[PDB]
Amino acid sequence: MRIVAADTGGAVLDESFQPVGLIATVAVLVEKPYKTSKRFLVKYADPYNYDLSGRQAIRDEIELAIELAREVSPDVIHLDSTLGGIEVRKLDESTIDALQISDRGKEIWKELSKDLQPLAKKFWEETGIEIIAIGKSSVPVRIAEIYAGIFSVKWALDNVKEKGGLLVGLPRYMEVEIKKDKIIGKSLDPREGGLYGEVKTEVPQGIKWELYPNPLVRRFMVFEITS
């Protein structure tokens, strides 16, 4: 199978570890053995002006996934919404209320439906490719998320000399290593079977960084950097 997926991750935090906004939306192509991606797109948000409700993220995600899928012709697109793998082109109001999910989950999706259902329907008509609301069940979605963490660290590297110091909340239970002009991201959960990513990027001189637990959100790490 060849799968395109997308997710958003990486948060700028304040000094009390409260999220200000998110940093990176990433679309990935994933193929066997489904542990990493060698083909991906990133869109950087403005974390100092972000919508933390989930709406902005999923819209950026589905658009970036479609952008990558138009090029690499995957068998399917995985979207990060955990709805049991239903096709997004089928998500009209009546289908959404029938879903076995939360009522505010239904709130958000009945609002998203107006744009996303026609979008997925048109993309399917054009390409035959489904966009499925699989969410946390998807390994390609998790690989996208790990890359969003990696690209959030790239963003921190690229912005810390202007900003002085940054606190970046990473996606759940992942670490990064910074080597000579390379960031490697790895899941911390061995149950996931060895998921990772790598981005080549220039590491500036005159910086120091550290990775440690977010004390307010168990199993999430913080990347702290100063110049």
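In this text, residue numbers run from 1 along the sequence as written.
Between the stretches 92 to 100 and 72 to 80, it is 92 to 100 that shows the larger average CA temperature factor.
Mean C-alpha B-factor is higher over 13 to 21 than over the other stretch, the pair under comparison being 207 to 215 and 13 to 21. The entry assigns its greatest Cα B factor, within the set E31, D51, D158, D189, to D51. Out of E198, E175, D46, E63, the entry records its largest CA B-factor for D46.
Ranked by Cα temperature factor within the chain, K154 sits in the middle third according to the deposited record. The entry lists a Cα temperature factor for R142 that places it in the lowest third of the chain's modelled residues. When the modelled residues of the chain are ordered by C-alpha B-factor, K38 sits in the middle third. When the modelled residues of the chain are ordered by their C-alpha B factor, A148 lands in the lowest third.
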